[PDB]
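If you want the authors' numbering, it's the 1-based position in the sequence shown plus 59.
So the structure is just underneath, and the comments pick up after that.
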Amino acid sequence: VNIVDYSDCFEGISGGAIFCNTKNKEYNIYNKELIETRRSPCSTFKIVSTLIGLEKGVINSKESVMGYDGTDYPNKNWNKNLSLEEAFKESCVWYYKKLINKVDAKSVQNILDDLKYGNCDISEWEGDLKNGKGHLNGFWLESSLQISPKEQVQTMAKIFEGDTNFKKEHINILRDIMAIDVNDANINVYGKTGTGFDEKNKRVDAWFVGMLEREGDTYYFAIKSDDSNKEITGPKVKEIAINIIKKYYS
Ligand SMILES: *C(=O)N1C[C@H](NOS(=O)(=O)O)CC[C@H]1C(N)=O
């Protein structure tokens, strides 16, 4: 366990980072206090909800559809019968809400328990209804479910090293749709952003969680901001993560 200083890459934004190589057990941590603090996963939960949907047969492949009903949304890409791959990349809320609401709560509780997914608290299934967004809410979006960045890394490692009961076929679908292009062919990066605002504490929850493969070595990582500036989003924290990867993990 090495404490490290990645502040240069955060460019003034408050946050922390954790990278873990489970082969040679090297855990690199920037802002240990924050890395151990549980927060809403926001859209990073789509990593797990995709696997839940595959395991329960709600969806079956990166092509699978959820039966778009014509509802109007501001994001143009949400207004179509999009595939799993496109819903994941567009972070399409209605698709993932419809997917999870086809799964019984006890099945979800038991999967989160098995994964040790933070507090595993799905008690507020419908999410943070006081924000007015109605059915565009759920337990994973600034609601009852909370997970620390370290726990995110621990969960990703267990999934992608083959240490859960999820089917290998389903893990590979997830890997496929999580892959990102960082304009460096010598590292494979996979991840998912998340964005929320913690109304209680007046701070963002901005995430980028995933893994890095570079010649035999694999690093599981979570980068997290808790800045008070509402302009700090998941996508911005993903840029910070990419800078860290290129600087220190190339
Ligand atoms: C998930 O965090 N969300 C869904 C969507 N995409 O977020 S992302 O760009 O950080 O990946 C919009 C923000 C957020 C939400 N409000 O539901």
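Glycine included, every Cβ here is placed at the ideal spot set by N, Cα and C.
- Per DSSP, the unbroken alpha helix (DSSP H) holding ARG234 starts and ends at 227-237.
- Here DSSP, grouped into helix, strand and coil, assigns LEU271 to strand.
- Boundaries cannot be given for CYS101, as no beta strand (DSSP E) includes it and DSSP labels it neither H nor E.
- Distance from the CA of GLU92 to the CA of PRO208, rounded to the nearest whole angstrom, comes to 10 Å.
- Distance between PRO294 and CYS68, taken at the CA atoms: about 15 Å.
- In the DSSP assignment, the residues bridged to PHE78 are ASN87 and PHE280.
- Taking the CA atoms as reference points, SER182 sits about 6 Å from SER203.
- Annotated as distal: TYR86 and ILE72, with beta-carbon spacing of 8 Å or more.
- In this structure, the C-beta of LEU110 stays at least 7 Å away from each heavy atom of ligand 1.
- Under DSSP, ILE62 forms a beta bridge with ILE88.
- Taking the Cβ of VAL248 as the reference point, every heavy atom of ligand 1 lies at 7 Å or farther away.
- Cβ contact annotation for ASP172 (same chain, cutoff 6 Å, sequence separation greater than five): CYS179, in chain order.
- Counting only residues of its own chain and dropping the five nearest sequence neighbours on each side, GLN168 has a CB closer than 8 Å to the CB of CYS179 and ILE181.
- Counting only unbroken stretches of 4 or more residues, the alpha helix (DSSP H) elements lying wholly within the region 115-156 are 143-149, in sequence order.
- Listed in chain order, the non-local C-beta contacts of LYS297 below 6 Å within the same chain comprise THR252 and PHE267, local neighbours out to five positions each way being set aside.
- With contacts defined by Cβ atoms closer than 8 Å, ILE299 and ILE246 do not form a contacting pair.
- Sequence-distant Cβ neighbours of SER102 in its own chain, meaning closer than 6 Å and more than five residues away, are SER150 and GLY253.
- Between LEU271 and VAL248, the C-beta spacing is below 8 Å.
- In this structure, ligand 1 has a non-hydrogen atom nearer than 7 Å to the beta-carbon of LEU200.
- Classified as exposed, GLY193 has fewer than 16 neighbouring CB atoms from the shown chains inside 10 Å of its CB.
- Here the distance from the Cβ of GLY269 to the nearest heavy atom of ligand 1 is not below 7 Å.
- Residue environment for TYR279: buried (at least 16 other C-beta atoms within 10 angstroms of its C-beta).
- Below 8 Å, too few C-beta pairs join the region 128-136 and the region 256-265 to call them touching: fewer than three.
- Within the region 166-222, the complete alpha helix (DSSP H) runs of at least 4 residues fall at 208-219.
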